[PDB]
Structures are given as C-alpha cells and as structure tokens.
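What follows is the content of structure.pdb, which has PDB, C-alpha atoms and all ligand atoms:
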```
ATOM      1  CA  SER A   1       8.722  -1.347  12.584  1.00  0.00           C
ATOM      2  CA  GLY A   2       7.047  -0.912   9.184  1.00  0.00           C
ATOM      3  CA  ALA A   3       4.058   0.559   7.380  1.00  0.00           C
ATOM      4  CA  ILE A   4       1.856   0.100   4.303  1.00  0.00           C
ATOM      5  CA  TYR A   5       1.628   3.165   2.008  1.00  0.00           C
ATOM      6  CA  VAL A   6      -1.470   3.028  -0.250  1.00  0.00           C
ATOM      7  CA  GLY A   7      -3.003   6.060  -1.993  1.00  0.00           C
ATOM      8  CA  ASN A   8      -2.977   8.899   0.551  1.00  0.00           C
ATOM      9  CA  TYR A   9      -2.939   6.525   3.561  1.00  0.00           C
ATOM     10  CA  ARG A  10      -0.244   5.105   5.870  1.00  0.00           C
ATOM     11  CA  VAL A  11      -1.251   1.870   7.734  1.00  0.00           C
ATOM     12  CA  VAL A  12       0.763   1.104  10.887  1.00  0.00           C
ATOM     13  CA  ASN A  13       0.486  -1.024  14.051  1.00  0.00           C
ATOM     14  CA  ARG A  14      -1.645   1.122  16.421  1.00  0.00           C
ATOM     15  CA  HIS A  15       0.860   0.443  19.307  1.00  0.00           C
ATOM     16  CA  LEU A  16       3.719   1.936  17.198  1.00  0.00           C
ATOM     17  CA  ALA A  17       1.805   4.987  15.783  1.00  0.00           C
ATOM     18  CA  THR A  18       3.738   8.272  16.114  1.00  0.00           C
ATOM     19  CA  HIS A  19       2.558  11.767  17.282  1.00  0.00           C
ATOM     20  CA  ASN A  20       2.273  12.594  13.508  1.00  0.00           C
ATOM     21  CA  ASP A  21       0.065   9.526  12.821  1.00  0.00           C
ATOM     22  CA  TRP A  22      -2.358  10.581  15.618  1.00  0.00           C
ATOM     23  CA  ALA A  23      -2.394  14.237  14.389  1.00  0.00           C
ATOM     24  CA  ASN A  24      -3.364  13.003  10.875  1.00  0.00           C
ATOM     25  CA  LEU A  25      -5.692  10.185  12.120  1.00  0.00           C
ATOM     26  CA  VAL A  26      -8.200   8.637   9.651  1.00  0.00           C
ATOM     27  CA  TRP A  27      -9.204   5.475  11.564  1.00  0.00           C
ATOM     28  CA  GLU A  28      -7.939   3.330  14.420  1.00  0.00           C
ATOM     29  CA  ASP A  29      -9.065   0.117  16.133  1.00  0.00           C
ATOM     30  CA  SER A  30      -7.376  -1.052  19.345  1.00  0.00           C
ATOM     31  CA  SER A  31      -9.025  -4.497  18.977  1.00  0.00           C
ATOM     32  CA  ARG A  32      -7.182  -4.992  15.613  1.00  0.00           C
ATOM     33  CA  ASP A  33      -3.897  -3.178  16.569  1.00  0.00           C
ATOM     34  CA  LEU A  34      -4.299  -0.972  13.451  1.00  0.00           C
ATOM     35  CA  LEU A  35      -4.085   2.753  12.813  1.00  0.00           C
ATOM     36  CA  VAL A  36      -4.404   4.596   9.495  1.00  0.00           C
ATOM     37  CA  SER A  37      -3.185   8.162   9.001  1.00  0.00           C
ATOM     38  CA  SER A  38      -3.297  10.517   5.993  1.00  0.00           C
ATOM     39  CA  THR A  39      -0.260  11.342   3.844  1.00  0.00           C
ATOM     40  CA  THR A  40       0.526  14.145   1.366  1.00  0.00           C
ATOM     41  CA  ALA A  41       2.450  11.910  -1.105  1.00  0.00           C
ATOM     42  CA  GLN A  42       1.019   8.979  -3.108  1.00  0.00           C
ATOM     43  CA  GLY A  43       1.960   5.585  -1.625  1.00  0.00           C
ATOM     44  CA  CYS A  44       3.955   2.722  -3.170  1.00  0.00           C
ATOM     45  CA  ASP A  45       1.801  -0.332  -2.170  1.00  0.00           C
ATOM     46  CA  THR A  46      -1.364  -2.073  -3.521  1.00  0.00           C
ATOM     47  CA  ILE A  47      -3.805  -4.211  -1.360  1.00  0.00           C
ATOM     48  CA  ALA A  48      -4.800  -7.836  -1.977  1.00  0.00           C
ATOM     49  CA  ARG A  49      -8.596  -8.460  -2.240  1.00  0.00           C
ATOM     50  CA  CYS A  50      -8.554 -12.257  -1.954  1.00  0.00           C
ATOM     51  CA  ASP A  51      -8.836 -15.303   0.355  1.00  0.00           C
ATOM     52  CA  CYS A  52      -5.172 -16.465   0.090  1.00  0.00           C
ATOM     53  CA  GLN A  53      -3.853 -18.446   3.084  1.00  0.00           C
ATOM     54  CA  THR A  54      -0.208 -18.619   1.817  1.00  0.00           C
ATOM     55  CA  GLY A  55       2.183 -15.767   1.280  1.00  0.00           C
ATOM     56  CA  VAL A  56       5.605 -14.339   2.111  1.00  0.00           C
ATOM     57  CA  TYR A  57       6.415 -11.928   5.006  1.00  0.00           C
ATOM     58  CA  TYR A  58       9.401  -9.760   5.854  1.00  0.00           C
ATOM     59  CA  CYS A  59      11.122 -10.642   9.156  1.00  0.00           C
ATOM     60  CA  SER A  60      13.300  -7.700  10.259  1.00  0.00           C
ATOM     61  CA  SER A  61      14.982  -9.732  13.052  1.00  0.00           C
ATOM     62  CA  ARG A  62      16.452 -12.005  10.347  1.00  0.00           C
ATOM     63  CA  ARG A  63      16.693  -9.339   7.513  1.00  0.00           C
ATOM     64  CA  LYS A  64      14.905 -12.003   5.385  1.00  0.00           C
ATOM     65  CA  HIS A  65      11.565 -12.925   3.805  1.00  0.00           C
ATOM     66  CA  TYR A  66       9.917 -16.281   4.737  1.00  0.00           C
ATOM     67  CA  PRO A  67       7.052 -18.184   3.096  1.00  0.00           C
ATOM     68  CA  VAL A  68       4.076 -18.953   5.440  1.00  0.00           C
ATOM     69  CA  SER A  69       0.695 -20.747   5.628  1.00  0.00           C
ATOM     70  CA  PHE A  70      -1.623 -18.624   7.755  1.00  0.00           C
ATOM     71  CA  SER A  71      -5.085 -19.041   9.324  1.00  0.00           C
ATOM     72  CA  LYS A  72      -8.195 -17.040   8.242  1.00  0.00           C
ATOM     73  CA  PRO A  73      -8.729 -13.714  10.070  1.00  0.00           C
ATOM     74  CA  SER A  74     -10.113 -14.486  13.522  1.00  0.00           C
ATOM     75  CA  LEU A  75     -10.599 -13.435  17.202  1.00  0.00           C
ATOM     76  CA  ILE A  76      -7.509 -14.633  19.152  1.00  0.00           C
ATOM     77  CA  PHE A  77      -6.513 -14.131  22.787  1.00  0.00           C
ATOM     78  CA  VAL A  78      -3.350 -11.975  23.158  1.00  0.00           C
ATOM     79  CA  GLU A  79      -1.640 -11.842  26.583  1.00  0.00           C
ATOM     80  CA  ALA A  80      -1.051  -8.483  28.333  1.00  0.00           C
ATOM     81  CA  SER A  81       1.939  -6.451  27.153  1.00  0.00           C
ATOM     82  CA  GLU A  82       3.317  -2.977  27.933  1.00  0.00           C
ATOM     83  CA  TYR A  83       0.966  -1.748  25.130  1.00  0.00           C
ATOM     84  CA  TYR A  84      -2.336  -3.503  25.832  1.00  0.00           C
ATOM     85  CA  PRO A  85      -4.215  -5.269  28.600  1.00  0.00           C
ATOM     86  CA  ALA A  86      -4.918  -9.020  28.124  1.00  0.00           C
ATOM     87  CA  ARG A  87      -7.657  -9.123  25.415  1.00  0.00           C
ATOM     88  CA  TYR A  88      -9.021 -10.724  22.209  1.00  0.00           C
ATOM     89  CA  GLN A  89      -7.522  -9.211  19.059  1.00  0.00           C
ATOM     90  CA  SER A  90      -9.795  -9.442  16.010  1.00  0.00           C
ATOM     91  CA  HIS A  91      -8.917  -9.981  12.288  1.00  0.00           C
ATOM     92  CA  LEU A  92      -5.637 -11.710  13.346  1.00  0.00           C
ATOM     93  CA  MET A  93      -4.079 -14.534  11.275  1.00  0.00           C
ATOM     94  CA  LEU A  94      -1.532 -16.910  12.805  1.00  0.00           C
ATOM     95  CA  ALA A  95       1.318 -18.787  11.171  1.00  0.00           C
ATOM     96  CA  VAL A  96       4.391 -20.792  12.126  1.00  0.00           C
ATOM     97  CA  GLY A  97       7.415 -18.607  11.540  1.00  0.00           C
ATOM     98  CA  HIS A  98      10.028 -16.661  13.462  1.00  0.00           C
ATOM     99  CA  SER A  99       9.193 -13.317  15.000  1.00  0.00           C
ATOM    100  CA  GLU A 100      10.358 -11.339  17.987  1.00  0.00           C
ATOM    101  CA  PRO A 101       9.631  -7.913  19.532  1.00  0.00           C
ATOM    102  CA  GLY A 102      10.743  -5.442  16.893  1.00  0.00           C
ATOM    103  CA  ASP A 103       9.233  -7.447  13.970  1.00  0.00           C
ATOM    104  CA  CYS A 104       5.789  -5.718  14.103  1.00  0.00           C
ATOM    105  CA  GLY A 105       5.086  -3.802  10.885  1.00  0.00           C
ATOM    106  CA  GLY A 106       6.746  -6.330   8.533  1.00  0.00           C
ATOM    107  CA  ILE A 107       4.534  -6.795   5.455  1.00  0.00           C
ATOM    108  CA  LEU A 108       2.803 -10.063   4.480  1.00  0.00           C
ATOM    109  CA  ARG A 109       2.113 -10.343   0.699  1.00  0.00           C
ATOM    110  CA  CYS A 110       0.472 -12.920  -1.564  1.00  0.00           C
ATOM    111  CA  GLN A 111       0.460 -12.922  -5.445  1.00  0.00           C
ATOM    112  CA  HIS A 112      -2.380 -10.303  -5.312  1.00  0.00           C
ATOM    113  CA  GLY A 113      -0.708  -7.689  -3.136  1.00  0.00           C
ATOM    114  CA  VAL A 114      -0.395  -6.708   0.510  1.00  0.00           C
ATOM    115  CA  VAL A 115      -2.367  -8.932   2.927  1.00  0.00           C
ATOM    116  CA  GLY A 116      -1.441  -7.436   6.320  1.00  0.00           C
ATOM    117  CA  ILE A 117       1.329  -6.607   8.778  1.00  0.00           C
ATOM    118  CA  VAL A 118       3.084  -8.453  11.614  1.00  0.00           C
ATOM    119  CA  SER A 119       1.231  -7.675  14.872  1.00  0.00           C
ATOM    120  CA  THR A 120       1.940 -10.536  17.361  1.00  0.00           C
ATOM    121  CA  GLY A 121       4.240 -13.579  17.797  1.00  0.00           C
ATOM    122  CA  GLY A 122       5.927 -15.950  20.137  1.00  0.00           C
ATOM    123  CA  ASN A 123       7.654 -19.329  20.389  1.00  0.00           C
ATOM    124  CA  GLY A 124       7.891 -20.023  16.680  1.00  0.00           C
ATOM    125  CA  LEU A 125       4.640 -18.225  15.792  1.00  0.00           C
ATOM    126  CA  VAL A 126       3.919 -14.992  13.934  1.00  0.00           C
ATOM    127  CA  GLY A 127       0.514 -13.215  13.848  1.00  0.00           C
ATOM    128  CA  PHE A 128      -0.585 -10.756  11.140  1.00  0.00           C
ATOM    129  CA  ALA A 129      -3.227  -8.027  11.324  1.00  0.00           C
ATOM    130  CA  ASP A 130      -5.341  -8.453   8.139  1.00  0.00           C
ATOM    131  CA  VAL A 131      -6.070  -5.363   5.987  1.00  0.00           C
ATOM    132  CA  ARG A 132      -7.900  -7.047   3.038  1.00  0.00           C
ATOM    133  CA  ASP A 133     -11.370  -6.182   4.350  1.00  0.00           C
ATOM    134  CA  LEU A 134     -10.568  -2.389   4.494  1.00  0.00           C
ATOM    135  CA  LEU A 135     -11.958  -1.652   1.021  1.00  0.00           C
ATOM    136  CA  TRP A 136     -11.835   2.142   1.564  1.00  0.00           C
ATOM    137  CA  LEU A 137      -7.961   2.082   1.465  1.00  0.00           C
ATOM    138  CA  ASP A 138      -8.253   1.943  -2.392  1.00  0.00           C
TER     139      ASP A 138
HETATM  140  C1  LIG B 201       7.483  -7.061  23.934  1.00  0.00           C
HETATM  141  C2  LIG B 201       6.407  -8.096  23.654  1.00  0.00           C
HETATM  142  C3  LIG B 201       6.951  -9.506  23.630  1.00  0.00           C
HETATM  143  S1  LIG B 201       5.868 -10.872  23.144  1.00  0.00           S
HETATM  144  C4  LIG B 201       6.319 -11.155  21.451  1.00  0.00           C
HETATM  145  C5  LIG B 201       7.127 -12.237  21.119  1.00  0.00           C
HETATM  146  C6  LIG B 201       7.443 -12.476  19.789  1.00  0.00           C
HETATM  147  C7  LIG B 201       6.967 -11.643  18.781  1.00  0.00           C
HETATM  148  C8  LIG B 201       6.162 -10.555  19.100  1.00  0.00           C
HETATM  149  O1  LIG B 201       5.622  -9.669  18.201  1.00  0.00           O
HETATM  150  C9  LIG B 201       6.100  -9.699  16.851  1.00  0.00           C
HETATM  151  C10 LIG B 201       5.841 -10.309  20.439  1.00  0.00           C
HETATM  152  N1  LIG B 201       5.039  -9.187  20.791  1.00  0.00           N
HETATM  153  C11 LIG B 201       3.695  -9.309  20.854  1.00  0.00           C
HETATM  154  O2  LIG B 201       3.106 -10.315  20.494  1.00  0.00           O
HETATM  155  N2  LIG B 201       3.018  -8.208  21.292  1.00  0.00           N
HETATM  156  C12 LIG B 201       3.642  -7.018  21.890  1.00  0.00           C
HETATM  157  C13 LIG B 201       3.250  -5.756  21.139  1.00  0.00           C
HETATM  158  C14 LIG B 201       1.724  -5.679  20.971  1.00  0.00           C
HETATM  159  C15 LIG B 201       1.181  -6.948  20.292  1.00  0.00           C
HETATM  160  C16 LIG B 201      -0.332  -6.907  20.154  1.00  0.00           C
HETATM  161  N3  LIG B 201      -0.801  -6.881  18.914  1.00  0.00           N
HETATM  162  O3  LIG B 201      -1.066  -6.908  21.148  1.00  0.00           O
HETATM  163  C17 LIG B 201       1.561  -8.139  21.178  1.00  0.00           C
HETATM  164 ZN    ZN B 202      -4.043 -13.340  -2.578  1.00  0.00          ZN
END
```

Written as structure tokens, that's how I'd like the structure from this file.
Amino acid sequence: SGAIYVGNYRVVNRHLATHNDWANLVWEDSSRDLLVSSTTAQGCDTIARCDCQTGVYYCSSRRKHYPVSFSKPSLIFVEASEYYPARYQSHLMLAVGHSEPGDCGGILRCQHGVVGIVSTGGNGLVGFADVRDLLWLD
C-alpha cells in the first residue's frame, strides 16, 4: 500500500484504489496502473521533473529503503493477475531489488522529488509506475 499526496491530488495504484478514490476520480489509466483522486487537504509531497535513473524506494515487506538503478519509462509485458488480464503496462521502469505482493504503493524518490510508485515485481525485480510526465499534478 501507499500513495503520493501532491497539491489537492492523491496518486495511488489503480488496482488498490478505494471506493472514495473512485467517487473523487480525476484521472485513471489501466495501462499505467495509476489512479488520481481529489483531496480536501494540501498534500505533503513534491514531484521530480527530471531524467534520473537512480533513486531510493521504500520496501514495505522489509520496512526499509533501498537504492536502485532503474530503466527509462517503457512498455513492458505484465503477466495476468487477479487484478488485470495479461497485457503491456506503459510508463513502467524496472530495477533489481526486492519486492513482493503488498509492496505496491511504495514511493521511489531521486534528489529532485518523487519519481513514481511500486507497481510490479518478481524474482528479485521491482517495477515502478512513473509519474514525472504528469505535469498537471503541480
Ligand atoms: C499477487 C501478485 C503476485 S506477482 C508479484 C511478485 C512480486 C512483487 C509484485 O508486486 C510488487 C507482484 N505483483 C505484481 O507484479 N502484480 C500484481 C498486482 C498488479 C500488478 C500490475 N501492475 O499489473 C502486477
Ligand atoms: Zn531526479
């Protein structure tokens, strides 16, 4: 679990959005596993506007932050799960690092701010949904 709170927006993994997120929907994209909902209070986060490929992410299954080198946002095949059919997920960045089901929503940050959130993983990999191209969040 986890979310980004910026301005009057809450960014979450689309597959973990709540009834409240859908009732206050701003934008969603199943191909990116992202959903943004509106909030009444001002958020705590700021968004990176950069091309960093190194950063640090929070891994809830280890209660720890890990440094990572991650690929540029791209279209990557993601196998079927209880949440989605087998498909290509766009704007996804992969890295070698631990992750397991439950780690989605953990934030990835570089020196400039929030880069994205954990969205996929497996066998020593962790995938992050990029949010740096969503300029309207600011
Ligand atoms: C219960 C799923 C076990 S596979 C796994 C194994 C290790 C880490 C994992 O995520 C952090 C995952 N989970 C996973 O990749 N997805 C399941 C939820 C929806 C994700 C998506 N964006 O399509 C894909
Ligand atoms: Zn950066």

**Message:** Which residues, named as in the file, does the PyMOL selection byres (((chain A and resi 53-56) around 9) and not hetatm) pick out? Answer as a PyMOL selection string.
**Reply:** chain A and resi 51-52+57-58+65-72+107-111+115

Next, dump the selected residues to file, keeping only C-alpha atoms, as a short mmCIF file (atom, residue, chain, number, x, y, z; two decimals), in the frame of the given file.
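Written output follows (again23.cif):
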```cif
data_model
loop_
_atom_site.label_atom_id
_atom_site.label_comp_id
_atom_site.auth_asym_id
_atom_site.auth_seq_id
_atom_site.Cartn_x
_atom_site.Cartn_y
_atom_site.Cartn_z
CA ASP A 51 -8.84 -15.30 0.36
CA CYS A 52 -5.17 -16.46 0.09
CA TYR A 57 6.42 -11.93 5.01
CA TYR A 58 9.40 -9.76 5.85
CA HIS A 65 11.56 -12.92 3.80
CA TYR A 66 9.92 -16.28 4.74
CA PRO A 67 7.05 -18.18 3.10
CA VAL A 68 4.08 -18.95 5.44
CA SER A 69 0.70 -20.75 5.63
CA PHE A 70 -1.62 -18.62 7.76
CA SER A 71 -5.08 -19.04 9.32
CA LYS A 72 -8.20 -17.04 8.24
CA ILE A 107 4.53 -6.80 5.46
CA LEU A 108 2.80 -10.06 4.48
CA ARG A 109 2.11 -10.34 0.70
CA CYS A 110 0.47 -12.92 -1.56
CA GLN A 111 0.46 -12.92 -5.44
CA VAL A 115 -2.37 -8.93 2.93
#
```

**Message:** Residues within 7 Å of residue 37 of chain A, please, as a ChimeraX atom specification. Count only C-alpha atoms; anything in the same chain fewer than 2 positions from it doesn't count.
**Reply:** /A:9-11,21,24-26,35,39

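By all atoms listed in the file, and with residues fewer than 4 positions from segment 41-45 of chain A along its chain excluded, the set lying at most 7 Å from it is residues 4, 5, 6, 7 and 8 of chain A.
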
**Prompt:** What is the distance between atom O2 of ligand LIG 201 (chain B) and atom CA of residue 78 of chain A, in Å to one decimal?
**Reply:**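 Atom-to-atom, atom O2 of ligand LIG 201 (chain B) to atom CA of residue 78 of chain A, that is 7.2 Å.
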
Report, as AutoDock Vina command-line options, the axis-aligned box around all atoms of ligand LIG 201 (chain B) present in the file, extended by 4 Å on each side; give centre and edge lengths in Å to one decimal place.
```
--center_x 3.2 --center_y -9.1 --center_z 20.4 --size_x 16.5 --size_y 14.8 --size_z 15.1
```

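If one restricts the calculation to all atoms listed in the file, the set of residues situated within 8 Å of ligand LIG 201 (chain B) consists of residues 13, 15, 32, 33, 78, 79, 80, 81, 82, 83, 84, 89, 98, 99, 100, 101, 102, 103, 104, 118, 119, 120, 121, 122, 123, 125, 126 and 127 of chain A.
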
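Proximity ranking of A:61, A:46, A:40, A:1 relative to ligand ZN 202 (chain B) places A:46 first, based on all atoms listed in the file.
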
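Closest to residue 47 of chain A among A:75, A:113, A:130, A:136 is A:113, based on all atoms listed in the file.
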
**Å distance separating atom CA of residue 96 of chain A from atom CA of residue 31 of chain A, one decimal place** =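 Here the two named atoms are 22.2 Å from each other.
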
**Request:** Kindly indicate which residue among A:64, A:49, A:19, A:91 lies nearest to ligand ZN 202 (chain B), using only C-alpha atoms and all ligand atoms for the distances.
**Result:** A:49

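Here the question is which of A:94, A:17, A:76, A:114 gets nearest to ligand ZN 202 (chain B) using all atoms listed in the file, and that residue is A:114.
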
**Request:** Quick one: pull the distance between atom CA of residue 106 of chain A and atom CA of residue 93 of chain A, Å, one decimal.
**Result:** 13.9 Å
